[PDB]
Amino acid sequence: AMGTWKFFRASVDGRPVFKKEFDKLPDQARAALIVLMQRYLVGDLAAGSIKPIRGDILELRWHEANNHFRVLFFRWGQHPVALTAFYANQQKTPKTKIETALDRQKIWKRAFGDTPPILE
């Protein structure tokens, strides 16, 4: 169901940074976000669920909970790579989160390559 999703870590060996962030969220929100991540791959999201943020960064938003839970990610070839997961109060995704996302994309691309290897 989660297909080609990846989860930000700083190195092939490093701390599972995205998962530690994700895991702190409430059960109901974690379950809802997994469903959105699965649907993202199928192509059947409603318009409230996916927003372009800046550059290559995209946002999954849990619409049924006033977009209070979100995942920033980017497409690394055919693999969406989850960069940060967070609770948010305002509709405007905060600057700090977007900077973290941009920073983690650069970190990822530097450690693992700008695009996936042709064979995994």
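Throughout, we count residues from 1 along the sequence that is shown.
Between the stretches 6-14 and 108-116, it is 6-14 that shows the larger average CA temperature factor.
Look at the C-alpha B-factors of 23-31 and of 91-99. On average they run higher in 91-99. For the set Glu59, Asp44, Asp56, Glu64, the PDB entry puts the maximum C-alpha B factor at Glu64. The entry lists a Cα temperature factor for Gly77 that places it in the middle third of the chain's modelled residues.
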